[PDB]
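What the coordinates show
Below are the chains, spelled out letter by letter.
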Amino acid sequence: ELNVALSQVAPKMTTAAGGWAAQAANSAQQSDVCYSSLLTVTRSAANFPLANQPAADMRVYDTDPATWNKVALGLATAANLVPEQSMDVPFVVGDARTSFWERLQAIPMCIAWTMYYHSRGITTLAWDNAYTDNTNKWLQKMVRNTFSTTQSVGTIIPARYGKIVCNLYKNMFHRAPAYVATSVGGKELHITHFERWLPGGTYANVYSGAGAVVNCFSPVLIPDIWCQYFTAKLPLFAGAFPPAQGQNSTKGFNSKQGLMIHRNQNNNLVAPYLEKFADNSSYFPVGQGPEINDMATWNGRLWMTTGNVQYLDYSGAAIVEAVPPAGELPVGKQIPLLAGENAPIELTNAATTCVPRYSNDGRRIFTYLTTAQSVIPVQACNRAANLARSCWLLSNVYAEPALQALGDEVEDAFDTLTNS
Amino acid sequence: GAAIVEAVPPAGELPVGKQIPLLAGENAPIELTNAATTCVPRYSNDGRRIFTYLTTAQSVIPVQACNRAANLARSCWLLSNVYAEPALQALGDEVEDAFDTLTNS
Amino acid sequence: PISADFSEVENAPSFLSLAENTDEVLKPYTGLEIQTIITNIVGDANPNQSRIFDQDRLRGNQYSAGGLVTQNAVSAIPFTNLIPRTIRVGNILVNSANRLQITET
Amino acid sequence: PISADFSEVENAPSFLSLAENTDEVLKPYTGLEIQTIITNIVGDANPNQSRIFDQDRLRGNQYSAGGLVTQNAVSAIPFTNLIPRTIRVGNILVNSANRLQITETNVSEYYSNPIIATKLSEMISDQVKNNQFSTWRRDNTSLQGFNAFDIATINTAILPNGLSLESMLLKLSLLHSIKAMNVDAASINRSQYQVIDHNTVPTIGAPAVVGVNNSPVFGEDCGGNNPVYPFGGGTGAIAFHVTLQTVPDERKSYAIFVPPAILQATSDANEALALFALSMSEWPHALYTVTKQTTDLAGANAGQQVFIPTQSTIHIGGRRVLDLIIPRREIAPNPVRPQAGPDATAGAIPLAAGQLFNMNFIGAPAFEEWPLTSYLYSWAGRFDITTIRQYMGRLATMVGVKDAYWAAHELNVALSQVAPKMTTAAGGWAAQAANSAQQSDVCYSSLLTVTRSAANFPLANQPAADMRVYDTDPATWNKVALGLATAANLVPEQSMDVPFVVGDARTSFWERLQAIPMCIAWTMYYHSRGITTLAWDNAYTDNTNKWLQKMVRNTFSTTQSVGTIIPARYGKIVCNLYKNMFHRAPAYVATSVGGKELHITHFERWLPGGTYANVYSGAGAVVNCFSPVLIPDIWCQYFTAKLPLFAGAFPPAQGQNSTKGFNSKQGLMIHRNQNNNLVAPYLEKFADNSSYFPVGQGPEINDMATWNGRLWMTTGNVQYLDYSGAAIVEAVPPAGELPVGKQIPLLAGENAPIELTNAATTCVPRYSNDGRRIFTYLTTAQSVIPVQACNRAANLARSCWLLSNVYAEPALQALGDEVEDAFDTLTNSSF
Amino acid sequence: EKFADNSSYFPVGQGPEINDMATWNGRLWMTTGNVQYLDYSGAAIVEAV
Amino acid sequence: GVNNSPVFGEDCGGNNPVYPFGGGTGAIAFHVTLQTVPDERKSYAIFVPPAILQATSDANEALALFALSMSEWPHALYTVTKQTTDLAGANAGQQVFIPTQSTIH
C-alpha cells in the first residue's frame, strides 16, 4: 500500500472553462506531476548518476543483517514473524492485473487527501510558503502536524492530522487501510502511509491554458466525479450538483442556517452567505485559520461555478496569488476518445471543491460575483429559486423534463413489488 | 384545444379600469394594477369547460411556480403593510423587531 | 454518492462527523472490488468491452445545465506509473526535453 | 390456462399477486411440460419409434366467431437456433442477401461462492516445503503429474473470488447444442428448419451435416482451411508444455494445468485435450454450419440449404493464447514426449494452413507453438455428443458440474433460441417475403432484437455486449483441479449426476421448448404496462417522464456492490412471474457480496443497448406500437399454470353467453372525449384526469381494463388515437389488424389458423413515446355491443381453441438417472 | 456592537440596533475633533460630510 | 528493459552499470563463513538461509532476488518500451517509459 502511495503519480490540473483541458506537447508543466497526497514529486535537477541527493518524502523502516541473521537460524522469533502458508500470500503477488489494481487503489487515497486539503481552504501558496516565509503561528502549525516531523529514538512517529486523513478513509469508504505495529513510548499504536510523510515540497497547484501557474486554489489533483462516485458517505461541502430542470434542484444555505452575506456593493461585488467572522473579517488572528464549515464551502463553490468569479478581499482588492482568467475552474486531463464516445460538457470533469479561504498573507479570501449577476444565487440561497448545473446520470440520477408537470405522491409501480 | 363560441380578447388583455383625467403630481396605473383579474372563464355557453392555456415554452416558469420552485413577478399597490422589496434579497436573522416590541408586539 | 436531488445534499454528514475515530473491523479496499464500480456502470451507449485494455475510463451519460443528454462521455482515470521518456510531439516521436522525477524514502 | 367460460376469466389471478415473491423450492423446467401436450409421447423414453420430425407444432380444433369448427388447425413452435444462410426464393435456392445475427457476452470475473485451501494444500506447506528449511535439501514432492516446483508456485496467494465454471461450461453447453443436429432425421423437428425460411421442406432420410467454415455468403468461411477467429481476424496460439519453466518468461500465469482426470484410458483420450482447449480459450473458434437436404413446398427442387446455428455466433471468450501444462506420468525429473507426455495430436482434418498441417501432427515438444483456430479446426468433425457426455462425466468426478451446467444450459437457451418478430394481419398466418431484411429480422426470448453484423467477416467492430456472464480464471482453475482448493459449488460428484440433456439426441427439440416460458414471462412483463415499442427504444435517456427511465434503467444489469454483480431489479419480477406462473424455478448461480449470498438468473443479467421486439406490417413496413410482442398468444396461455387476468382466452360460445367485459362496478369508466363519434372502453378512473402522464407516473397495472382494451381491439376496426382523438407519432397498423404468428408449410388434413387464433391480442398500447396516454376507440355506432358486453347485457363472438387444461406435475427422471438397471440393485450397498 | 463586523451593509430587514453603550462611545470619538465617517472598509459615502 | 533510456543521462552505465542515485557500483562477496570476509565488515554479513535457496526452482535467481531485496533500490533504471501509434494511426513507433517505482531511493 505504500508503493501505491508513492508510485501512482498524477499530472496536476489545467484551468479551463468547459471540460477536458491539457497542456502541450513538450513542456515542463505537462510532465509536472503529483502524488496521491496532493504533493508535487521532486524532479531531478542534475544529470544521472545524481550528484546532489534531495530531501526525503516518506518514512520507512529498514531490514538489517544483525536481526535477519538470528531470525534465519532459529535463534530469534518475534511477534510479527509467525510463519504461515503459501496460500496466505497476498493474491496481488504474481497476478497480471496488479498494474490495473494499483491504479485503482490510489484513487481513494487522493479522495481522503482531497477532502483533507479542501475542508480548510489554505490556498496552495499558503501550503508552499509555510516553510519559505511565514509569520503566522497557525500556518506553520498546520504543516508541522500534518507531516511526520517528530522523532523520539529510531521509530517512525505517526503524524497528527494524518489520522484525520485515516479517519476520512474509514468513515467514508468503510474500509481500513493497511498498517504496521509501532511502539513509541511503550504504547502500541498503528501507522499508515497517511501518517508517514515528510514536510516540505511544492503541492498540487493548477496550470492555466497558456501554462501559467494558477496557485490560488486549494490543492486539487483529481476531478469531482472521482470523489463523488466512489464514496459511500461523502461530506456536505463536496457533494454532486443535482440535475438542472427539476423541482428541488440546486439551492444554497442562507442565514436560516446561521450564515451571513458580505455584499461589498459599492464596487458591484457581493460574496456568498458565509460563516460569521469573529475577528476573521479581513485578517485572521495570529494562530487561527478558517473554520470547518460545510454550509459555507458548499455555498462558495456554488458561486465559483457561475462563470465570472473574483477572489479578491474583505475590501475588494487583489490578493498576491495567481487567479485564473475567468470562471475557469481546474478541469481534468484529456485523453484521446474512442468510437462512439464523447468528451465532458460543462464543469463535469472539473474540480469545484477547492474554494480558497486563507491567503498567504494570513488574509481571508472572498468569492465574489457582481451585484447584478448574484441576484439568482442569493435567491437560491434563500430557497426561492433553483440553479442549473451539469451532472452525471449514474445509477439513481434521471434526466429531468423541462415542464415539471408533477402528479400525486407515492408513485411506486414495480417498486413495492421489489424490496420497497 | 379548439375555439369557443365566445368573444376572446386579442392578447393577454385583461379587463382594466376606466381612465379619468389626472391631476398635478399624480400618475396612471402601470401594469395590471387597475385590472380585473379574478374573472376566470370556466363554463362556456355550450355547457363546455373552458381551459386557460399558455404555450409549452412560456409555461415552464408558472409550472415551477406552482411546484413552489420559483417565484413570479407581479405588480402591486404599496398600501399599509406592503413594502418595496429589494432586488438582492440579502436576508439576515429572524426576529427583526426594532420598535415593534416597544409597541403592542 | 451522486445527488439525485438537493434533499440528498442536505442529508449529508459533516466533516467533523466523518473524521472521528472509529473502532470497527473494516476490511482492506482492494482494487479487485474497485474494478467493478468502474465496469458495472449505468449507460446504454456503453459498448461493455470485457478486456482490461478498454475498461479504464469512467463512462457515462451527462445531463447539461440546459437539459440535454450527452450519451457516452468519459472522465480520464488520472493515475499512472509511467514517465514517457519519448513524447509524441508533432505527430512523431521525439525524445523528451524534461528531467526525470525522483523520490526518496 | 385457457378459459371454459367467463366465470374463470373473471376469477383469474391478478398481475400483482402473481409477481410476488415465492419461498417454495421448485423443480427445474425440463422442457417436458410442453412436450407431453404437443406430441404422441406422454409416458417415457422412445429411441427412434417416436417420429419427432412430424411432431413439431401445436395442434387442435378451433371455433370461429361464426359458429364453425375447424378440424386440425396448427400453430408453429416459434423458436429455432438456425439462421438460413441459403434461402429458397422462387422454389430454388439462392444465397442470403442478409447479414448474420451475432451476440456478444460481457465476460468478467465476479465474487462467486468462496474458496478455501484443503488439507492437501496445508499438507504441502506445513510438511515437505517447511521441512526443506532445515535439511539443505531440494527434493521433489511431486503430486500426480507435475513438478514440486510447479505445485509450489500454485500453492500460493489465492484470489478471494472463488471460481465459477460458467464460461467453459457454456462453451461445452454450446458446442453440444451445435453437434446435436447430426444425430438423426426423425429426432429433430422440421418446423425449426422452417421458422425463418418457411418456403422449405426438409427430408426424412439424409441427416444434417454439421460442417465448419463452409458458409457461402458474406465471408463466413473464416479461413475455410486457413482458419482464423470469426470475431477478430487472428489465429491464436497453443503450446503444450510439461513444466512452467518452458512457458517463456512472458505468460506463465495464464498457464493452465490440464488435470489428469479428464485424460484417462477410457476414450480417444486426446480429443479431451481439444475439448479442454476449446472450453478454456475462446468461442467461437470457427463458424459452424448445418447443411441439410431440403425441398420446396410441392417437392421438386431438392437441394441442400446451409444453416448457421445461433450458438456459433455468440462471442464469449477472450483467451486466444493457451499454454497447457501436461501431467508427466508418475514421478520424473525435468528433461516428442521429452518428459513423458501422454499425447498431443493435431486431429483428423488435413488443414492446409499458414503453419501447413499435413493431416495429423503428433507433436508435444517443449515450446513449439501451433495455431489455435487450426488446432480446433482439426477437432471439429469429431466432437460427437456421446464424447462430450463422457467428458462431462469425467469433469463431474472432480468438480461439481450438476447445477452449473444447468445454469449454463438455460443461459445457452436464453441467448440461443431466437425468433422472427411478427407480421401484422387481420386473420391468421401471415409471414414475410424472401430475400428481405424482415424475414431474417429476429428476436430473443427476452423480446429484444438480435444484432446482426454490420460489415463483412472477421470483424473489427466488436458490437455492444448483451449479457453479463462469469468466467473461469486460469489461476484458480490450476489449484481447484489439483486438490489445493475447494468450494461449495465445486464439491465433486459422479457421472450419474450429469444432467439429462447431455449426450441425448433430443436437445434441439427440448431447448426450443425451454425457451417458450422465458418468452411467456417476458411477454407478461412487457404487457402489464403497455409502453408500445418506441417508448422502449429511446427510453433510456429521455428527459421527459422520469418514470420511464427508471423502468428501462432497472430492467437491465448495470449495478454493483463490492466487486460482484448485483442482479437487476424488475428481472426478479420476471423470475417471480416464472416461478408463480409455471411452478418451476429457473436455474441461478451464486454471487456473494460478503457473507450474504444471493442469486442471479438470465432474467437479471441482460445489458442495455439494442432495440426491442418490433412488429412488421403485411407490406414489410414497421408498426412500432402495441407492445414488444413475439410469439402468438396461445403459447402464452395454454402452457401455463397461472396466467394473470389481462391475458386470457376469450371463452367459447356455449349457450347465449360467450364473451363479456368489465364495467363501472369494478371501478372503471368510459373516456368519452370532445367529439361524439368515437368512444373508448372502460379504462381506469385516472384516464380522464391525465391525458398525458405526469413525470413520475406511468400506466397503472389494471387487468380489468387491459382485458377491456384488448376486448375492443379484437373487434377489427379500431384506431389508437389520443385523449382527444388525434394521431400519435407511432406507426399504426393499416386497418383493424393484429400481430399474427409465422406461417409454416402445412401437411395433409391439416389447416391454417382462422381468425385471431394465432395472434397476439394482449399487447394493448397504453403509453405513447411522448408520454401521452393512448386510447383505443370505436365509432359510437360500432361500440354499443362492446359497451353492453361490458355491462353484461350482450355478448361478443370471439374465436378460440378447443383444447383442455391438464398441466401435469414434474417427473424428475427425464431420461437421466435410469439407475433401476439390474446390475446396480446388487451393487447398491457399495453405492 | 458585536454585529458591526458581521454586517458591513445591513440586511433588508435589519437596522441599527439601539445600543447606548456604543452610541455614547461613538460620540465619545467624534468629540475628539478629527474624525472621518467612512465605511466598513474606509471608503467614502454618498452623504455630505 | 533496463538502462535503455535515451536522454538526460539515464543510461546509468548503459554497458558499465552504476547506481542512478550516486556514483557507485557496490561489492558482493559470497563467503561460506565469517572467517573468510574482508575482516572489517563482519558486523554486516548476511546469512542466506537454505530456504531462500529452495524457494526458486533455479535456486540462483533466488540469491539475486535476495541481493536485490537486501541491498539498494534502485540498482539500475528500468524502462518499459511499448509499440504505440498516433491519434488516427499513421506513425507506428515504440515509446520508452520509465516506471515511477524505479526512481525511489
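Structure report, in brief. (Residues numbered from 1 in each chain as written, not as in the entry; some residues may be left out. Chains lettered and ligands numbered in written order. Part of a larger assembly, values for the part shown. Heavy atoms only, no water.)

**Let's talk about the pattern of salt bridges**
Side chains that differ in charge, positive against negative, can pair when their charged atoms come close. Inspection of every chain in the model, using the stated rule, returns 34 salt bridges over all chains. A salt bridge links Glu684 of chain D to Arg766 of chain D, with the nearest nitrogen and oxygen atoms 2.7 Å apart. Note that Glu684 of chain D is positioned in the loop between β28 (682-683) and α18 (703-710) and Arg766 of chain D in the loop between β30 (738-740) and β31 (776-779), a separation of 82 residues in sequence. A single burial state applies to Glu684 of chain D and to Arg766 of chain D, both of which are buried. Among the salt bridges present, the one from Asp722 of chain D reaches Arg772 of chain D, with a minimum N-O distance of 2.5 Å. Pair noted here: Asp722 of chain D is in the loop between β29 (719-720) and β30 and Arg772 of chain D is in the loop between β30 and β31, with a separation of 50 residues, a long-range link. For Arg772 of chain D, a relative accessible area of 12% puts it in the buried group. When salt bridges that share partners are traced, they join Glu341 of chain A together with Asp56, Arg57 and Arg59 of chain C into one network. (Salt bridge = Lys/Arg side-chain N within 4 Å of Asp/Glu carboxyl O. Helix = DSSP H or I, 4+ residues; strand = E, 2+ residues; numbered from the N terminus. Buried < 20%, exposed > 50% of the residue type's maximum accessible area, 1.4 Å probe, protein only.)

**Comments concerning unusual backbone geometry**
What you tend to see is this: most non-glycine residues have negative phi, and most peptide bonds are trans. Note the cis peptide between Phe48 of chain A and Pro49 of chain A, where omega equals -5 degrees. A cis geometry characterises the amide bond from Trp73 of chain F onward to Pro74 of chain F, with omega recorded as -5 degrees. Of note, the phi angle at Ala278 of chain A is positive, near 55 degrees, even though the residue is not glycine. Mapped onto the elements of the fold, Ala278 of chain A is located in the loop between β5 (273-274) and α9 (294-304). Positive phi, close to 50 degrees, is recorded for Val95 of chain B, a residue that is not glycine. You can see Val95 of chain B is positioned in the segment after α1 (60-66). Since its relative accessible area comes to 67%, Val95 of chain B is described here as exposed.

**Looking at the interface of chain A and chain C**
Counting residues at the interface gives 112 residues for chain A, matched by 73 residues for chain C. Between chain A and chain C, the buried area comes to about 8400 Å², and carbon and sulfur atoms account for 62% of it. Across the contact surface, chain A and chain C share four salt bridges. Its salt-bridge partner being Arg383 of chain A, residue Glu10 of chain C comes within 2.8 Å of it at the nearest N-O pair. Joining chain A to chain C, the criterion identifies 36 residue pairs in polar contact. With nine residues, helix α7 (residues 163-173) of chain A is the single largest residue contributor to the side of chain A that touches chain C. Of the residues that constitute the side of chain A that touches chain C, the class distribution is 66 nonpolar, 29 polar and 17 charged. As paired strands, strand β7 (residues 391-393) of chain A and strand β1 (residues 58-63) of chain C are joined by three bridges and run antiparallel to one another. Residue pairing in the sheet places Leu393 of chain A in a bridge with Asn61 of chain C of β1 of chain C. (Contact = heavy atoms within 4.5 Å. Buried area = accessible area lost by both parts, 1.4 Å probe. Polar contact = N/O pair within 3.5 Å; in protein donor to acceptor, adjacent residues only side chain to side chain. Nonpolar A, V, L, I, M, F, W, Y, C, P; charged D, E, K, R; others polar. Pairing = 2+ DSSP bridges.)

**Re the pairing of strand β3 (residues 188-191) of chain A**
All names here are of chain A. Along β3, the buried face is formed by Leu189 and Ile191; none of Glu188 and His190, which line the opposite face, is buried. Note: strand β2 (residues 180-183) against β3, four bridges, orientation antiparallel. Paired with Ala181 across the bridge in β3 is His190. Between β2 and the antiparallel strand that follows it, β3, lie four residues; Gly186 among them carries a positive phi value of about 85 degrees.

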